[PDB]
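Each chain, written out:
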Amino acid sequence: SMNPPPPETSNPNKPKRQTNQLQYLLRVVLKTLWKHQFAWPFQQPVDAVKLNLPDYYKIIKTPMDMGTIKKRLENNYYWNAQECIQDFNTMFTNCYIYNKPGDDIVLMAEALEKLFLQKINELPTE
Ligand SMILES: CCOc1ccc(C(C)=O)cc1-c1cc(NC(=O)c2ccco2)cc(-c2ccn(C)n2)c1
């Protein structure tokens, strides 16, 4: 019924490092996906109450969204680019699990994922 709290985005106990791949994930990948025409349902956690999707968090137990990824990148929450890439993949997979193939939101996520993969293919070395 109710929304869960959003995913955690900061942890002062976790170690921190800035890498060129994490910098690319924020300044290129996140920035580019955020401005896509289809980004807005993915810019914040799914509000299943407001969207009237009462079973959403009965089905989706690893919610993820780009608003959370943006804060995680800003707060140096990730040690590895791969952790951030996994969050993007979780966001897309969540949409494909909850929604019927071919639904409007699924086509929107598919377009975002294609652009994501294009940018991930140009992830710099190190
Ligand atoms: C009907 C089922 O809709 C959904 C089901 C599941 C999911 C997820 C994320 O699994 C998302 C939607 C969804 C949400 C929103 N709008 C926002 O999330 C929003 C709006 C403002 C702030 O946030 C819009 C559209 C939509 C589809 C076509 N158009 C033109 N618009 C679809």
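S.K.: Quick one: what's the story with the nonpolar core, residue by residue and with numbers?
M.R.: In this structure, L25 and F88 are the most contacted members of the largest nonpolar core, which totals 28 residues. Every residue in contact with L25, bar those within four places of it in the chain, is listed here: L30, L73, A81, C84, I85, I120 and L123. Within the second largest apolar cluster, five residues are counted, among which are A48, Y56, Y57 and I60.

S.K.: Mind laying out the site of the ligand, listing which residues take part and the relevant values?
M.R.: Lining the immediate environment of the ligand, one finds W40, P41, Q44, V46, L51, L53, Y56, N99, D104 and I105. One nitrogen or oxygen atom from the side chain of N99 is found 3.0 Å from an oxygen atom belonging to the ligand. The fraction of the free accessible surface of the ligand (680 Å²) that becomes covered by protein chains is 58%. In the shell around the ligand, the residues fall into seven nonpolar, two polar and one charged.

S.K.: Which residues make up the pattern of salt bridges, and what values go with them?
M.R.: Scanning all chains against the criterion turns up two salt bridges. Taking the shortest distance from any N to any O, the salt bridge between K70 and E74 comes out at 2.5 Å. Of this pair, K70 and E74 both sit in helix α3 (residues 66-74), four residues apart, which is roughly one turn of that helix. When its relative accessible area of 31% is taken as the criterion, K70 is described as partly exposed. Owing to a relative accessible area of 37%, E74 belongs among the partly exposed residues under this scheme. Among the salt bridges present, the one from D87 reaches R72, with a minimum N-O distance of 2.9 Å. With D87 in helix α4 (residues 81-98) and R72 in helix α3, the pair connects residues that are 15 residues apart, well separated along the chain.

Criteria and cut-off values
- In this view, residue numbering begins from 1 on each chain in the order the sequence is written and may differ from the entry, while residues that lack coordinates are not shown.
- Computation of side-chain values: all heavy atoms of the structure, hydrogens and water removed.
- Residues with missing side-chain atoms are left out of burial classes, side-chain pairs and their counts.
- The definition of a nonpolar core used throughout is a set of buried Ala, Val, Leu, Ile, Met, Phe, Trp, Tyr and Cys residues joined through side-chain atoms within 4.5 Å.
- Burial classes follow relative accessibility: with a 1.4 Å probe on protein chains only, a residue under 20% of its type's maximum area counts as buried, one over 50% as exposed, and anything between as partly exposed.
- Working rule for contacts: check all heavy atoms of both residues, and any pair within 4.5 Å makes them a contact.
- The criterion for a residue being near a molecule or strand is simple. One of its heavy atoms has to lie within 4 Å of it.
- Between N or O atoms, a polar contact is any pair within 3.5 Å; within protein, one atom must be a potential hydrogen donor and the other a potential acceptor, and residues adjacent in sequence are included only when both atoms are from side chains.
- With residues, only the protein chains shown are counted as cover, and all accessible areas are computed by Shrake-Rupley using a 1.4 Å probe.
- Each residue gets one of three labels, nonpolar for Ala, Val, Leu, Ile, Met, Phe, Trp, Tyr, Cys and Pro, charged for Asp, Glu, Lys and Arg, and polar for the others, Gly among them.
- Whenever a carboxyl oxygen of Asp or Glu lies within 4 Å of a side-chain nitrogen of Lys or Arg, that contact is scored as a salt bridge.
- Put simply, DSSP marks the helices as runs of H or I at least four residues long and the strands as runs of E at least two long, and each gets a number from the N terminus on.

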